[PDB]
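Novice: opening piece of a complex, kept in its complex position:
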Amino acid sequence: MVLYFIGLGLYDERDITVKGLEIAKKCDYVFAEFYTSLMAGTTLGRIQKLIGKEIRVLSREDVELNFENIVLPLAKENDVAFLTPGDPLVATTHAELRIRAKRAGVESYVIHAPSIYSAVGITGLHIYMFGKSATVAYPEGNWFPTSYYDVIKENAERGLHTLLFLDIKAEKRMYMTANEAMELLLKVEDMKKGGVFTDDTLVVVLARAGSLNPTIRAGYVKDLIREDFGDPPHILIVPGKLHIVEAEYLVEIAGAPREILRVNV
């Protein structure tokens, strides 16, 4: 009669909360989805071993089209866990799955976990200063999205920071790098010419948030666009005006140039 949406956290199998792990172990069935995001620092095998029970992975189609035929039927008569990377209901459309559970007469509870939305706090940027967020998607065929560019412009105009999720092809486990995102942004700038993203734009890159050794780098585009930030996932942030404390953190912890203390503050 109960369905638990459990977050797996940011990077590896230990990023799940103790609450999530203990509940998952008590469930009769454990499902998981790895298409809304990825756990780059672990494998299905390691997660399965930590929990101690076999996990059935579900495709996007399984969930979006048949959640009520695969998961809900079991949740009606048993305790079922639905594992997802990050925080459940964040950076996904899983919220509506709770409505489906309600209509199926199934109770649902949410076990939270760290999300990149909060983890970016490790960049030293004040969380309250972040504005609207966006995703930098890979251009493909006749679709070349550029909406993210307007998001940055509107946030920066108000001195707010912009969190940019970088595209990911979950199935293939292929991640867009900060470098590629910077390349695309420069191309959108070349077309829109709004003076929003250029070689002199200060950006922050967060790679592998969650690991004990994430890469946290800050600097001007012309300098970071060709830098190696290590393995995925990569997150790109375009800061607005900086508080002196944010800037010093960037300099001290993220190797940002001293110039930002007089240019971006």
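Specialist: Looks like it arrived, so ask away. Numbering: from 1, shown residues only, chains lettered A, B, ... in the order given.

Novice: what residues are up against the residue sitting nearest the centre point of chain A?
Specialist: Nearest residue to the geometric centre of chain A (Cα atoms, centre = their mean): residue A:116, 4.6 Å. If you count contacts by Cβ atoms under 8 Å, 6 or more residues apart in numbering, residue A:116 has them with A:10, A:86, A:91, A:163, A:165, A:206, A:209, A:235. (Each C-beta comes from the backbone N, C-alpha and C, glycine too.)

Novice: hang on, isn't the fifth one packed against residue A:86?
Specialist: By that I understand residue A:165. No - between residue A:165 and residue A:86 there is no contact under Cβ atoms under 8 Å: 10.8 Å.

Novice: more neighbours: those two, which one.
Specialist: residue A:86 (27 against 21; other Cβ atoms under 10 Å).

Novice: how close does the residue lying closest to that one once chain neighbours are set aside sit to residue A:258?
Specialist: Spatial nearest neighbour of residue A:86, excluding adjacent residues (Cβ to Cβ, 6 or more residues apart in numbering): residue A:115 at 4.8 Å. Separation of residue A:115 from residue A:258 (Cβ to Cβ, to the nearest Å): 32 Å.

Novice: ok, these two, which is more surrounded?
Specialist: residue A:115 (20 against 9).

Novice: for stretch A:86-94, could you pull out the residues that count as buried?
Specialist: A:86, A:87, A:88, A:89, A:90, A:91, A:92, A:94 (16 or more other Cβ atoms under 10 Å).

Novice: first-to-last residue distance for it?
Specialist: 12 Å (Cα to Cα, to the nearest Å).

Novice: what's the answer for stretch A:158-172, then?
Specialist: 38 Å.

Novice: also stretch A:94-112?
Specialist: End to end - Cα to Cα - stretch A:94-112 spans 13 Å.

Novice: now stretch A:173-182
Specialist: Termini of stretch A:173-182 sit 20 Å apart (Cα to Cα).

Novice: cool, and stretch A:13-20?
Specialist: 11 Å.

Novice: what's that stretch in contact with?
Specialist: A:6-9, A:24, A:39, A:42, A:46-47, A:50, A:83, A:111-114, A:210.

Novice: now with 6 Å?
Specialist: A:6, A:8, A:9, A:42, A:46, A:47, A:50, A:111, A:113, A:210 (Cβ atoms under 6 Å, 6 or more residues apart in numbering).

Novice: slot chain B in:
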Amino acid sequence: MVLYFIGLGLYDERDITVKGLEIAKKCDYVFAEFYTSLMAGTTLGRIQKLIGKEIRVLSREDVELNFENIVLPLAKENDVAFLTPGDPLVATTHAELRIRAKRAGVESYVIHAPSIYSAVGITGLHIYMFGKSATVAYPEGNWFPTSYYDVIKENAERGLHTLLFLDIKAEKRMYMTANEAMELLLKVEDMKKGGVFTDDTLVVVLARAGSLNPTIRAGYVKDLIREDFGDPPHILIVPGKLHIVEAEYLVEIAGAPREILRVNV
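Specialist: So that you can see how it sits with the rest, here is chain B on the chains above:
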């Protein structure tokens, strides 16, 4: 010899990540602060038992004034952990403490935990649609802070949602309820008269996120300002322009007036 900033999560001792618990268990000294937020589902004793370590609780002044005098010295010759509610770098000024650590020759690491900043996803609102955030501060004496009202105004003009952290005076055990925040805002509305927050404004309240049965409610201020949402902590949200799917969830899960389904376009 290192310093670990470890988040404990939203509600109880099990909201810590497995990564954080195992690391904390192996630290020589463990410090903590419980003034940046309220964990309503556990006790210091229960946390100590989980980690198997005696915890030295520090006051705001201990941290802001003497962190480098109380914690860092020990971190030079021992593995030290500093625990905080939720995520240590969200809606706190602890990030700055990493700068102190570095200049003290102490390497530091961060272990994330579920944060209210992303847990609000349980309200069904699109997390990417949130704009600048603000804190509703308690007035003190004749000093009446109101800058948070302007934050809502700015986001609303952009159609963005506004996350309102509510004040907390730990030492005085003062935890601002959503009701109190609504009262303060209505008073600020009468002063500035900007049509930003009124009896007819739609708001969302999230109480005790992290618990299995948090309070999730949505409705007009006039109707909710007198409602009992249970014990603190509480977080208040003023949605901007709603998407149909957000409205659907608020109605289905947060018991919002079915009339919001008919969104304005």
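
Novice: please re-evaluate the contacts of residue A:116 in the presence of chain B.
Specialist: Under the criterion of Cβ atoms under 6 Å, 6 or more residues apart in numbering or on different chains, the neighbours of residue A:116 are A:209, A:235.

Novice: what segments of the stretch 1-150 of chain A are helices?
Specialist: Along the stretch 1-150 of chain A, the segments classed as helices by DSSP state H, counting those that start in this stretch run A:18-26, A:44-51, A:60-70, A:72-77, A:95-103, A:116-119, A:147-157.

Novice: the stretch 151-265 of chain A now?
Specialist: Using DSSP H, counting those that start in this stretch, helices in the stretch 151-265 of chain A cover A:178-192, A:221-224, A:244-254, A:260-263.

Novice: is chain B within reach of the third one?
Specialist: Yes - with Cβ under 6 Å from any Cβ of the partner chain as the measure, helix A:244-254 is seen reaching chain B through A:245, A:248, A:249, A:252, A:253.

Novice: which residues belonging to that helix are considered buried?
Specialist: Within helix A:244-254, the residues that count as buried by 16 or more other Cβ atoms under 10 Å in any protein chain shown are A:246, A:247, A:248, A:249, A:250, A:251, A:252, A:253, A:254.

Novice: again with the second one
Specialist: Burial within helix A:221-224, assessed by neighbour count using 16+ other Cβ under 10 Å, is assigned to A:221, A:224.

Novice: ok, the first one next?
Specialist: For helix A:178-192, the neighbour count (16+ other Cβ under 10 Å) marks A:178, A:179, A:180, A:181, A:182, A:184, A:185, A:186, A:188, A:189 as buried.

Novice: between the residues you listed, which is nearest chain B?
Specialist: residue A:181 (16.1 Å; Cβ to the nearest Cβ).

Novice: tell me how far residue A:133 lies from residue A:154.
Specialist: 12 Å.

Novice: higher neighbour count, those two?
Specialist: The neighbour comparison of residue A:133 against residue A:154 (other Cβ atoms under 10 Å in any protein chain shown) goes to residue A:133, with 24 against 17.

Novice: how about that one: what's its closest non-neighbour residue?
Specialist: Leaving aside its sequence neighbours, residue A:133 sits nearest to residue B:128 (Cβ to Cβ, 6 or more residues apart in numbering or on different chains; 4.0 Å).

Novice: right, and the one you found touches residue A:131 too?
Specialist: No - between residue B:128 and residue A:131 there is no contact under Cβ atoms under 6 Å: 10.3 Å.

Novice: neighbour count: the two, which is higher?
Specialist: residue A:131 (26 against 17).

Novice: list the contacts of the more buried one.
Specialist: A:155, A:160, B:131, B:132.
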